[PDB]
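Novice: Below is model.txt; it holds compact mmCIF, N, CA and C atoms and all ligand atoms.
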# COMPACT_ATOMS: atom_id res chain seq x y z
N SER A 7 69.29 4.25 -16.38
CA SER A 7 70.71 4.48 -16.11
C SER A 7 70.91 5.59 -15.07
N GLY A 8 72.09 5.63 -14.46
CA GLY A 8 72.42 6.62 -13.44
C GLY A 8 73.39 6.15 -12.37
N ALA A 9 74.23 7.08 -11.86
CA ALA A 9 75.23 6.75 -10.83
C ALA A 9 75.46 7.87 -9.79
N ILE A 10 76.02 7.52 -8.62
CA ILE A 10 76.39 8.47 -7.57
C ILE A 10 77.91 8.49 -7.55
N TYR A 11 78.51 9.67 -7.67
CA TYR A 11 79.96 9.80 -7.69
C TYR A 11 80.37 10.54 -6.47
N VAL A 12 80.93 9.84 -5.49
CA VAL A 12 81.34 10.44 -4.22
C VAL A 12 82.78 10.06 -3.94
N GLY A 13 83.67 11.05 -4.00
CA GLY A 13 85.09 10.83 -3.81
C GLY A 13 85.67 9.92 -4.88
N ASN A 14 86.35 8.84 -4.47
CA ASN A 14 86.95 7.92 -5.45
C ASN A 14 86.05 6.71 -5.76
N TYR A 15 84.72 6.86 -5.56
CA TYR A 15 83.76 5.78 -5.80
C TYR A 15 82.67 6.16 -6.79
N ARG A 16 82.14 5.13 -7.48
CA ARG A 16 81.00 5.20 -8.36
C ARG A 16 79.99 4.16 -7.83
N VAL A 17 78.77 4.60 -7.50
CA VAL A 17 77.73 3.71 -6.97
C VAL A 17 76.68 3.52 -8.04
N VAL A 18 76.45 2.29 -8.50
CA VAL A 18 75.45 1.98 -9.53
C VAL A 18 74.55 0.79 -9.10
N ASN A 19 73.42 0.56 -9.83
CA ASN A 19 72.59 -0.63 -9.63
C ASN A 19 73.45 -1.81 -10.08
N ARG A 20 73.50 -2.87 -9.26
CA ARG A 20 74.31 -4.03 -9.58
C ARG A 20 73.86 -4.68 -10.90
N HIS A 21 72.54 -4.69 -11.19
CA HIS A 21 72.06 -5.27 -12.45
C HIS A 21 72.49 -4.47 -13.70
N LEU A 22 72.89 -3.20 -13.52
CA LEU A 22 73.31 -2.38 -14.64
C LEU A 22 74.83 -2.13 -14.72
N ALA A 23 75.62 -2.72 -13.82
CA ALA A 23 77.07 -2.48 -13.80
C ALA A 23 77.76 -2.90 -15.09
N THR A 24 78.80 -2.14 -15.48
CA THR A 24 79.59 -2.39 -16.70
C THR A 24 80.78 -3.37 -16.44
N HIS A 25 81.57 -3.72 -17.48
CA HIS A 25 82.76 -4.55 -17.29
C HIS A 25 83.77 -3.80 -16.42
N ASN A 26 83.91 -2.48 -16.67
CA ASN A 26 84.81 -1.60 -15.93
C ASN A 26 84.51 -1.61 -14.44
N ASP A 27 83.22 -1.55 -14.08
CA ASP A 27 82.74 -1.58 -12.71
C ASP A 27 83.17 -2.88 -12.00
N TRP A 28 83.00 -4.05 -12.64
CA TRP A 28 83.43 -5.32 -12.06
C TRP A 28 84.96 -5.48 -12.00
N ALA A 29 85.70 -4.89 -12.96
CA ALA A 29 87.16 -4.91 -12.97
C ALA A 29 87.75 -3.96 -11.91
N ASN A 30 86.98 -2.94 -11.47
CA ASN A 30 87.43 -2.00 -10.45
C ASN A 30 86.53 -2.09 -9.19
N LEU A 31 86.01 -3.31 -8.91
CA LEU A 31 85.11 -3.63 -7.82
C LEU A 31 85.66 -3.26 -6.46
N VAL A 32 84.81 -2.68 -5.59
CA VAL A 32 85.12 -2.36 -4.20
C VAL A 32 84.13 -3.23 -3.33
N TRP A 33 82.83 -3.10 -3.59
CA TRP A 33 81.81 -3.82 -2.85
C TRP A 33 80.60 -4.08 -3.73
N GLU A 34 79.95 -5.23 -3.54
CA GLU A 34 78.70 -5.52 -4.24
C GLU A 34 77.74 -6.32 -3.34
N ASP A 35 76.44 -6.01 -3.42
CA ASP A 35 75.43 -6.73 -2.66
C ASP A 35 74.24 -7.01 -3.56
N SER A 36 74.09 -8.27 -3.98
CA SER A 36 73.01 -8.69 -4.85
C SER A 36 71.64 -8.48 -4.19
N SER A 37 71.57 -8.70 -2.87
CA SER A 37 70.32 -8.53 -2.14
C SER A 37 69.92 -7.05 -1.97
N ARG A 38 70.81 -6.10 -2.29
CA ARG A 38 70.51 -4.66 -2.24
C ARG A 38 70.47 -4.03 -3.65
N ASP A 39 70.85 -4.78 -4.70
CA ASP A 39 71.00 -4.26 -6.06
C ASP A 39 72.00 -3.10 -6.07
N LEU A 40 73.11 -3.22 -5.31
CA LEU A 40 74.12 -2.16 -5.31
C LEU A 40 75.48 -2.71 -5.70
N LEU A 41 76.26 -1.90 -6.41
CA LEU A 41 77.63 -2.22 -6.75
C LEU A 41 78.44 -0.92 -6.67
N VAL A 42 79.56 -0.95 -5.97
CA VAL A 42 80.43 0.21 -5.85
C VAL A 42 81.77 -0.16 -6.49
N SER A 43 82.22 0.69 -7.41
CA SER A 43 83.51 0.53 -8.09
C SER A 43 84.38 1.80 -7.86
N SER A 44 85.70 1.70 -8.12
CA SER A 44 86.61 2.82 -7.91
C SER A 44 86.83 3.67 -9.16
N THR A 45 86.89 5.00 -9.01
CA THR A 45 87.13 5.94 -10.12
C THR A 45 88.49 6.65 -9.98
N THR A 46 89.09 7.09 -11.10
CA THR A 46 90.38 7.78 -11.04
C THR A 46 90.25 9.31 -10.80
N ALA A 47 89.03 9.85 -10.86
CA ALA A 47 88.80 11.28 -10.63
C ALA A 47 87.87 11.48 -9.42
N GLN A 48 87.86 12.69 -8.82
CA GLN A 48 87.03 12.94 -7.63
C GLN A 48 85.56 13.23 -7.94
N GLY A 49 84.67 12.78 -7.05
CA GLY A 49 83.23 12.98 -7.12
C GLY A 49 82.75 13.92 -6.03
N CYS A 50 81.86 14.82 -6.37
CA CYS A 50 81.41 15.84 -5.42
C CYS A 50 80.01 15.63 -4.87
N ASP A 51 79.41 14.43 -5.05
CA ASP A 51 78.08 14.17 -4.53
C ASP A 51 78.13 14.05 -3.02
N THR A 52 77.25 14.74 -2.35
CA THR A 52 77.13 14.64 -0.90
C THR A 52 76.13 13.52 -0.61
N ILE A 53 76.45 12.60 0.31
CA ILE A 53 75.53 11.54 0.71
C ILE A 53 74.82 12.04 1.97
N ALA A 54 73.49 11.92 2.03
CA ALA A 54 72.75 12.34 3.22
C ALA A 54 72.97 11.32 4.32
N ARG A 55 73.09 11.80 5.54
CA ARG A 55 73.24 10.97 6.72
C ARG A 55 72.06 11.37 7.61
N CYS A 56 70.90 10.68 7.45
CA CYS A 56 69.66 11.09 8.10
C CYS A 56 68.58 9.99 8.10
N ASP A 57 67.40 10.31 8.67
CA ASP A 57 66.23 9.43 8.73
C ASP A 57 65.04 10.02 7.95
N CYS A 58 65.31 10.85 6.93
CA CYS A 58 64.32 11.53 6.11
C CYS A 58 63.37 10.62 5.40
N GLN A 59 62.12 11.02 5.34
CA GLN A 59 61.12 10.26 4.60
C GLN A 59 60.46 11.06 3.49
N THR A 60 61.03 12.20 3.09
CA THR A 60 60.57 13.03 1.98
C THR A 60 61.82 13.47 1.20
N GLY A 61 61.63 13.69 -0.08
CA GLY A 61 62.69 14.04 -1.00
C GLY A 61 62.18 14.20 -2.41
N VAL A 62 63.11 14.29 -3.37
CA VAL A 62 62.83 14.49 -4.79
C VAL A 62 63.69 13.52 -5.58
N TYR A 63 63.09 12.83 -6.55
CA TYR A 63 63.82 11.90 -7.40
C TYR A 63 63.73 12.26 -8.88
N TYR A 64 64.73 11.86 -9.68
CA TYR A 64 64.68 12.08 -11.10
C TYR A 64 64.06 10.86 -11.82
N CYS A 65 63.08 11.13 -12.69
CA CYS A 65 62.40 10.08 -13.45
C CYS A 65 62.70 10.30 -14.94
N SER A 66 63.68 9.55 -15.48
CA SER A 66 64.08 9.69 -16.87
C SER A 66 62.95 9.52 -17.85
N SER A 67 62.03 8.56 -17.62
CA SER A 67 60.87 8.28 -18.48
C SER A 67 59.86 9.43 -18.61
N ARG A 68 59.97 10.44 -17.74
CA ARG A 68 59.14 11.62 -17.83
C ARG A 68 59.99 12.90 -17.99
N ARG A 69 61.35 12.79 -18.01
CA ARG A 69 62.29 13.92 -18.02
C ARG A 69 61.91 14.97 -16.96
N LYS A 70 61.57 14.47 -15.75
CA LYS A 70 61.07 15.31 -14.67
C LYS A 70 61.50 14.85 -13.28
N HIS A 71 61.57 15.81 -12.34
CA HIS A 71 61.87 15.58 -10.93
C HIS A 71 60.54 15.54 -10.19
N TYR A 72 60.36 14.52 -9.37
CA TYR A 72 59.11 14.35 -8.63
C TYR A 72 59.35 14.35 -7.10
N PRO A 73 58.63 15.22 -6.36
CA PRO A 73 58.70 15.14 -4.89
C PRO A 73 57.94 13.88 -4.41
N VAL A 74 58.47 13.19 -3.39
CA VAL A 74 57.92 11.95 -2.89
C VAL A 74 58.01 11.85 -1.38
N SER A 75 57.13 11.04 -0.80
CA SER A 75 57.17 10.57 0.58
C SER A 75 57.63 9.12 0.40
N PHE A 76 58.53 8.62 1.24
CA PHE A 76 59.02 7.25 1.07
C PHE A 76 59.12 6.53 2.40
N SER A 77 59.16 5.18 2.37
CA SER A 77 59.21 4.42 3.60
C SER A 77 60.65 4.27 4.14
N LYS A 78 60.78 3.70 5.35
CA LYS A 78 62.06 3.40 5.97
C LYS A 78 62.70 2.23 5.22
N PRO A 79 64.04 2.18 5.08
CA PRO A 79 64.66 1.04 4.38
C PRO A 79 64.28 -0.31 4.99
N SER A 80 63.83 -1.24 4.14
CA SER A 80 63.38 -2.53 4.62
C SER A 80 63.51 -3.66 3.58
N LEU A 81 63.21 -4.92 4.00
CA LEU A 81 63.23 -6.10 3.17
C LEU A 81 61.88 -6.16 2.49
N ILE A 82 61.82 -5.90 1.19
CA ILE A 82 60.59 -5.94 0.43
C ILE A 82 60.68 -7.01 -0.67
N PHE A 83 59.58 -7.71 -0.96
CA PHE A 83 59.56 -8.72 -2.00
C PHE A 83 59.62 -8.10 -3.41
N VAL A 84 60.51 -8.64 -4.26
CA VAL A 84 60.71 -8.18 -5.62
C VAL A 84 60.58 -9.36 -6.59
N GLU A 85 59.73 -9.19 -7.59
CA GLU A 85 59.44 -10.29 -8.55
C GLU A 85 60.65 -10.68 -9.38
N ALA A 86 60.56 -11.86 -9.97
CA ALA A 86 61.65 -12.39 -10.79
C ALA A 86 61.91 -11.50 -12.01
N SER A 87 63.13 -11.53 -12.53
CA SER A 87 63.54 -10.72 -13.67
C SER A 87 64.70 -11.41 -14.42
N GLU A 88 65.13 -10.82 -15.55
CA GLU A 88 66.27 -11.37 -16.29
C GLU A 88 67.57 -11.24 -15.48
N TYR A 89 67.59 -10.37 -14.45
CA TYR A 89 68.74 -10.09 -13.61
C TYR A 89 68.74 -10.90 -12.32
N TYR A 90 67.58 -11.10 -11.70
CA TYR A 90 67.49 -11.80 -10.43
C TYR A 90 66.33 -12.75 -10.35
N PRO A 91 66.44 -13.85 -9.58
CA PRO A 91 65.24 -14.66 -9.31
C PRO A 91 64.33 -13.92 -8.30
N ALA A 92 63.06 -14.34 -8.14
CA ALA A 92 62.17 -13.70 -7.15
C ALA A 92 62.80 -13.80 -5.73
N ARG A 93 62.89 -12.67 -5.02
CA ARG A 93 63.61 -12.63 -3.74
C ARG A 93 63.20 -11.42 -2.88
N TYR A 94 63.69 -11.38 -1.63
CA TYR A 94 63.51 -10.22 -0.76
C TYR A 94 64.74 -9.28 -0.99
N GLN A 95 64.51 -8.04 -1.40
CA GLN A 95 65.59 -7.07 -1.57
C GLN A 95 65.61 -6.24 -0.28
N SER A 96 66.76 -6.14 0.36
CA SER A 96 66.92 -5.38 1.60
C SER A 96 67.30 -3.92 1.33
N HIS A 97 67.14 -3.06 2.36
CA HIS A 97 67.51 -1.63 2.29
C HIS A 97 66.76 -0.85 1.21
N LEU A 98 65.51 -1.29 0.94
CA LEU A 98 64.62 -0.74 -0.08
C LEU A 98 63.60 0.20 0.52
N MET A 99 63.36 1.34 -0.15
CA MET A 99 62.38 2.32 0.32
C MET A 99 61.34 2.53 -0.78
N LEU A 100 60.05 2.36 -0.46
CA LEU A 100 59.01 2.52 -1.47
C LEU A 100 58.31 3.86 -1.36
N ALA A 101 57.89 4.40 -2.52
CA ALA A 101 57.12 5.63 -2.63
C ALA A 101 56.06 5.47 -3.72
N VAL A 102 54.98 6.27 -3.65
CA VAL A 102 53.95 6.31 -4.69
C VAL A 102 54.50 7.28 -5.74
N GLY A 103 54.65 6.79 -6.95
CA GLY A 103 55.20 7.59 -8.03
C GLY A 103 55.42 6.79 -9.29
N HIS A 104 55.62 7.50 -10.39
CA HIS A 104 55.88 6.87 -11.66
C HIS A 104 57.33 6.36 -11.83
N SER A 105 57.46 5.18 -12.39
CA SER A 105 58.74 4.58 -12.74
C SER A 105 58.52 3.50 -13.81
N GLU A 106 59.51 3.35 -14.67
CA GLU A 106 59.60 2.37 -15.76
C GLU A 106 60.96 1.65 -15.63
N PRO A 107 61.15 0.42 -16.16
CA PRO A 107 62.44 -0.27 -15.98
C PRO A 107 63.71 0.57 -16.24
N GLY A 108 63.74 1.37 -17.30
CA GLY A 108 64.89 2.24 -17.61
C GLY A 108 65.12 3.42 -16.68
N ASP A 109 64.29 3.51 -15.63
CA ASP A 109 64.35 4.54 -14.60
C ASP A 109 65.32 4.24 -13.47
N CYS A 110 65.77 2.97 -13.33
CA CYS A 110 66.79 2.58 -12.34
C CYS A 110 68.05 3.46 -12.53
N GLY A 111 68.63 3.95 -11.44
CA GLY A 111 69.78 4.83 -11.51
C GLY A 111 69.47 6.28 -11.18
N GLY A 112 68.21 6.68 -11.37
CA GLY A 112 67.76 8.03 -11.03
C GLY A 112 67.96 8.31 -9.55
N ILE A 113 68.55 9.45 -9.25
CA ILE A 113 68.89 9.81 -7.89
C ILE A 113 67.68 10.34 -7.11
N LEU A 114 67.59 9.92 -5.84
CA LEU A 114 66.63 10.42 -4.88
C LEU A 114 67.46 11.28 -3.90
N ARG A 115 67.10 12.56 -3.74
CA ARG A 115 67.78 13.48 -2.84
C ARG A 115 66.83 14.08 -1.80
N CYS A 116 67.39 14.57 -0.69
CA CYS A 116 66.63 15.34 0.30
C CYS A 116 67.44 16.64 0.57
N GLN A 117 67.04 17.48 1.56
CA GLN A 117 67.80 18.69 1.90
C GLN A 117 69.26 18.35 2.28
N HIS A 118 69.51 17.13 2.80
CA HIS A 118 70.85 16.75 3.26
C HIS A 118 71.74 16.10 2.19
N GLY A 119 71.22 15.83 1.00
CA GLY A 119 72.01 15.20 -0.05
C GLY A 119 71.42 13.94 -0.65
N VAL A 120 72.29 13.09 -1.21
CA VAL A 120 71.88 11.85 -1.88
C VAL A 120 71.41 10.79 -0.89
N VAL A 121 70.14 10.36 -1.01
CA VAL A 121 69.51 9.33 -0.18
C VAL A 121 69.73 7.94 -0.82
N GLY A 122 69.45 7.83 -2.12
CA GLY A 122 69.63 6.59 -2.86
C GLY A 122 69.36 6.68 -4.35
N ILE A 123 69.14 5.52 -4.98
CA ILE A 123 68.90 5.45 -6.42
C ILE A 123 67.70 4.54 -6.71
N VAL A 124 66.97 4.83 -7.80
CA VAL A 124 65.85 4.00 -8.25
C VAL A 124 66.39 2.60 -8.57
N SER A 125 65.70 1.57 -8.04
CA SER A 125 66.11 0.20 -8.20
C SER A 125 64.92 -0.69 -8.61
N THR A 126 63.71 -0.42 -8.08
CA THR A 126 62.51 -1.19 -8.42
C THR A 126 61.31 -0.24 -8.75
N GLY A 127 60.19 -0.79 -9.19
CA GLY A 127 58.97 -0.05 -9.44
C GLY A 127 57.85 -0.93 -9.93
N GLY A 128 56.76 -0.30 -10.31
CA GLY A 128 55.60 -1.01 -10.83
C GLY A 128 54.35 -0.75 -10.03
N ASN A 129 53.19 -0.77 -10.69
CA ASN A 129 51.89 -0.58 -10.05
C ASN A 129 51.67 0.81 -9.45
N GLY A 130 52.36 1.81 -9.99
CA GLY A 130 52.25 3.17 -9.48
C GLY A 130 53.16 3.43 -8.30
N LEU A 131 54.16 2.55 -8.08
CA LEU A 131 55.13 2.66 -7.00
C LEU A 131 56.55 2.73 -7.56
N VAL A 132 57.47 3.41 -6.84
CA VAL A 132 58.89 3.44 -7.16
C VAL A 132 59.68 3.02 -5.92
N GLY A 133 60.65 2.14 -6.10
CA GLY A 133 61.55 1.64 -5.06
C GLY A 133 62.96 2.20 -5.19
N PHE A 134 63.51 2.67 -4.07
CA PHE A 134 64.85 3.26 -3.96
C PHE A 134 65.81 2.42 -3.08
N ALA A 135 66.98 2.06 -3.65
CA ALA A 135 68.05 1.38 -2.92
C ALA A 135 68.72 2.47 -2.06
N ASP A 136 68.60 2.37 -0.72
CA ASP A 136 69.18 3.32 0.24
C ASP A 136 70.70 3.23 0.26
N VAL A 137 71.39 4.39 0.34
CA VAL A 137 72.86 4.45 0.43
C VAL A 137 73.35 5.21 1.69
N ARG A 138 72.44 5.70 2.53
CA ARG A 138 72.75 6.50 3.72
C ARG A 138 73.47 5.75 4.83
N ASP A 139 73.41 4.42 4.83
CA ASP A 139 74.09 3.63 5.86
C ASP A 139 75.56 3.30 5.47
N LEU A 140 75.95 3.48 4.19
CA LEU A 140 77.32 3.16 3.76
C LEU A 140 78.21 4.33 4.13
N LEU A 141 78.66 4.37 5.40
CA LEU A 141 79.45 5.48 5.93
C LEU A 141 80.83 5.61 5.31
N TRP A 142 81.39 4.48 4.81
CA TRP A 142 82.70 4.42 4.18
C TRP A 142 82.79 5.14 2.83
N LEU A 143 81.67 5.59 2.27
CA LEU A 143 81.69 6.31 1.01
C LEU A 143 82.42 7.66 1.18
N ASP A 144 82.29 8.30 2.36
CA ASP A 144 82.95 9.58 2.67
C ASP A 144 84.27 9.41 3.42
N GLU A 145 84.82 8.18 3.53
CA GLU A 145 86.04 7.98 4.30
C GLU A 145 87.01 6.94 3.72
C1 LIG B 1 59.81 -4.51 -14.65
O1 LIG B 1 59.30 -3.92 -13.47
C2 LIG B 1 59.35 -2.55 -13.37
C3 LIG B 1 58.23 -1.74 -13.46
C4 LIG B 1 58.33 -0.39 -13.18
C5 LIG B 1 59.54 0.15 -12.80
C6 LIG B 1 60.65 -0.67 -12.73
CL1 LIG B 1 62.15 0.01 -12.18
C7 LIG B 1 60.60 -2.02 -13.04
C8 LIG B 1 61.86 -2.86 -13.10
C9 LIG B 1 62.12 -3.63 -11.82
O2 LIG B 1 61.44 -3.46 -10.82
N1 LIG B 1 63.15 -4.49 -11.86
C10 LIG B 1 63.91 -4.89 -13.04
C11 LIG B 1 65.39 -4.64 -12.85
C12 LIG B 1 65.89 -5.19 -11.52
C13 LIG B 1 65.06 -4.64 -10.35
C14 LIG B 1 65.55 -5.17 -9.02
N2 LIG B 1 66.05 -4.27 -8.19
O3 LIG B 1 65.47 -6.37 -8.73
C15 LIG B 1 63.63 -5.10 -10.62
ZN ZN B 2 67.01 12.86 4.08
What does the file become when written as structure tokens?
Ligand SMILES: COc1cccc(Cl)c1CC(=O)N1CCC[C@H](C(N)=O)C1
Ligand SMILES: [Zn+2]
Specialist:
Amino acid sequence: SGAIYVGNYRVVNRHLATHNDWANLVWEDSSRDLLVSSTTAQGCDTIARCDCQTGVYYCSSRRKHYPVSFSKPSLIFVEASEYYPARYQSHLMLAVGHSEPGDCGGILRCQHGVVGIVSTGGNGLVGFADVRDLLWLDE
């Protein structure tokens, strides 16, 4: 579990979105595992606007923050699941690190702010859904 609260928006993994999230829908992309819904209160999360490849993410399964090196956002193959058929997920960044299914939602940050959220993992790797290109989150 986990969300990014920036201004009047809540950004969550599309596979984990609630009824409230779909009833207050702004944007959703199944191929990115992202869903953005509207909130009635203000959010103070800063979104990073950068090309950073290092940062720190929260791993709920270890109750710990881990520093990571990660790749550029890209189309990576993701295996089938109860949420999606086997497909290419776009805007995905991979890093070597620990993750478990309940780890989706954990925030990845750099010196400039929120980079993205945990969306995939397995085999000693963690995948992050990038949010740095969604410029409308701050406007
Ligand atoms: C079950 O595989 C692992 C293993 C380690 C870590 C993790 Cl987060 C998972 C879960 C995983 O990657 N999923 C399940 C939920 C939807 C994700 C997606 N974005 O398509 C794909
Ligand atoms: Zn950065």
Novice: Could you build a table of the residues in chain A lying no more than 6 Å from ligand LIG 1 (chain B), giving for each the nearest pair of atoms and their separation in Å rounded to one decimal place, using only C-alpha atoms and all ligand atoms, ordered by chain and ascending residue number, as JSON lines?
Specialist:
{"residue": "A:39", "atom": "CA", "partner": "B:LIG1", "partner_atom": "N2", "distance": 5.4}
{"residue": "A:84", "atom": "CA", "partner": "B:LIG1", "partner_atom": "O3", "distance": 6.0}
{"residue": "A:87", "atom": "CA", "partner": "B:LIG1", "partner_atom": "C10", "distance": 5.9}
{"residue": "A:105", "atom": "CA", "partner": "B:LIG1", "partner_atom": "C5", "distance": 4.5}
{"residue": "A:106", "atom": "CA", "partner": "B:LIG1", "partner_atom": "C5", "distance": 3.7}
{"residue": "A:107", "atom": "CA", "partner": "B:LIG1", "partner_atom": "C6", "distance": 3.7}
{"residue": "A:109", "atom": "CA", "partner": "B:LIG1", "partner_atom": "CL1", "distance": 5.6}
{"residue": "A:110", "atom": "CA", "partner": "B:LIG1", "partner_atom": "CL1", "distance": 5.3}
{"residue": "A:125", "atom": "CA", "partner": "B:LIG1", "partner_atom": "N2", "distance": 4.5}
{"residue": "A:126", "atom": "CA", "partner": "B:LIG1", "partner_atom": "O2", "distance": 3.5}
{"residue": "A:127", "atom": "CA", "partner": "B:LIG1", "partner_atom": "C5", "distance": 3.4}
{"residue": "A:128", "atom": "CA", "partner": "B:LIG1", "partner_atom": "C4", "distance": 3.7}
Novice: Could you list, as a VMD selection string, all residues that come within 8 Å of ligand ZN 2 (chain B)? Count all atoms listed in the file.
Specialist: chain A and resid 54 to 61 115 to 121
Novice: Looking only at the backbone, which of the residues in stretch 22-87 of chain A does DSSP tag as strand (DSSP E or B), as a PyMOL selection string?
Specialist: chain A and resi 31-35+40-50+53+60-65+70-75+80-84
Novice: Give me the residues within 10 Å of residue A:89 as a list in words, counting only C-alpha atoms and dropping any in the same chain fewer than 3 places off.
Specialist: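 Once the adjacent positions are removed, what remains is residues 20, 21, 22, 36, 39, 86 and 92 of chain A.
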Novice: Excluding residue A:26 and its own-chain neighbours fewer than 6 positions away, which residues fall within 12 Å of it when counting only C-alpha atoms? Please give them as a PyMOL selection string.
Specialist: chain A and resi 16+18+32+41-46
Novice: In Å to one decimal, how far is atom N of residue A:37 from atom N of residue A:136?
Specialist: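 Going from atom N of residue A:136 over to atom N of residue A:37 covers 11.7 Å.
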Novice: Could you tell me, as an NGL selection string, which residues of chain A DSSP assigns to helix (DSSP H, G or I) when given the backbone?
Specialist: :A and (20-22 or 25-29 or 66-68 or 107-109 or 141-144)
Novice: Output N, CA and C atoms for every residue in the selection just made, as a CSV table (one decimal), in the frame of the given file.
Specialist:
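Generated file (selection-v1.csv):
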chain,number,residue,atom,x,y,z
A,20,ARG,N,73.5,-2.9,-9.3
A,20,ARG,CA,74.3,-4.0,-9.6
A,20,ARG,C,73.9,-4.7,-10.9
A,21,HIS,N,72.5,-4.7,-11.2
A,21,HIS,CA,72.1,-5.3,-12.4
A,21,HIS,C,72.5,-4.5,-13.7
A,22,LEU,N,72.9,-3.2,-13.5
A,22,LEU,CA,73.3,-2.4,-14.6
A,22,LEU,C,74.8,-2.1,-14.7
A,25,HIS,N,81.6,-3.7,-17.5
A,25,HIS,CA,82.8,-4.6,-17.3
A,25,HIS,C,83.8,-3.8,-16.4
A,26,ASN,N,83.9,-2.5,-16.7
A,26,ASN,CA,84.8,-1.6,-15.9
A,26,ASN,C,84.5,-1.6,-14.4
A,27,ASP,N,83.2,-1.6,-14.1
A,27,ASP,CA,82.7,-1.6,-12.7
A,27,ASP,C,83.2,-2.9,-12.0
A,28,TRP,N,83.0,-4.0,-12.6
A,28,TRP,CA,83.4,-5.3,-12.1
A,28,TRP,C,85.0,-5.5,-12.0
A,29,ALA,N,85.7,-4.9,-13.0
A,29,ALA,CA,87.2,-4.9,-13.0
A,29,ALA,C,87.8,-4.0,-11.9
A,66,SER,N,63.7,9.6,-15.5
A,66,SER,CA,64.1,9.7,-16.9
A,66,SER,C,63.0,9.5,-17.8
A,67,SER,N,62.0,8.6,-17.6
A,67,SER,CA,60.9,8.3,-18.5
A,67,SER,C,59.9,9.4,-18.6
A,68,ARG,N,60.0,10.4,-17.7
A,68,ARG,CA,59.1,11.6,-17.8
A,68,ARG,C,60.0,12.9,-18.0
A,107,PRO,N,61.2,0.4,-16.2
A,107,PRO,CA,62.4,-0.3,-16.0
A,107,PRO,C,63.7,0.6,-16.2
A,108,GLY,N,63.7,1.4,-17.3
A,108,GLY,CA,64.9,2.2,-17.6
A,108,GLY,C,65.1,3.4,-16.7
A,109,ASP,N,64.3,3.5,-15.6
A,109,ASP,CA,64.4,4.5,-14.6
A,109,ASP,C,65.3,4.2,-13.5
A,141,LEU,N,78.7,4.4,5.4
A,141,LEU,CA,79.4,5.5,5.9
A,141,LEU,C,80.8,5.6,5.3
A,142,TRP,N,81.4,4.5,4.8
A,142,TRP,CA,82.7,4.4,4.2
A,142,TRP,C,82.8,5.1,2.8
A,143,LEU,N,81.7,5.6,2.3
A,143,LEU,CA,81.7,6.3,1.0
A,143,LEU,C,82.4,7.7,1.2
A,144,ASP,N,82.3,8.3,2.4
A,144,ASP,CA,83.0,9.6,2.7
A,144,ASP,C,84.3,9.4,3.4
Novice: My list of candidates is A:14, A:67, A:7, A:30. Which is closest to residue A:143 when distances are computed with only N, CA and C atoms?
Specialist: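 Under the stated criterion, the closest residue is A:14.
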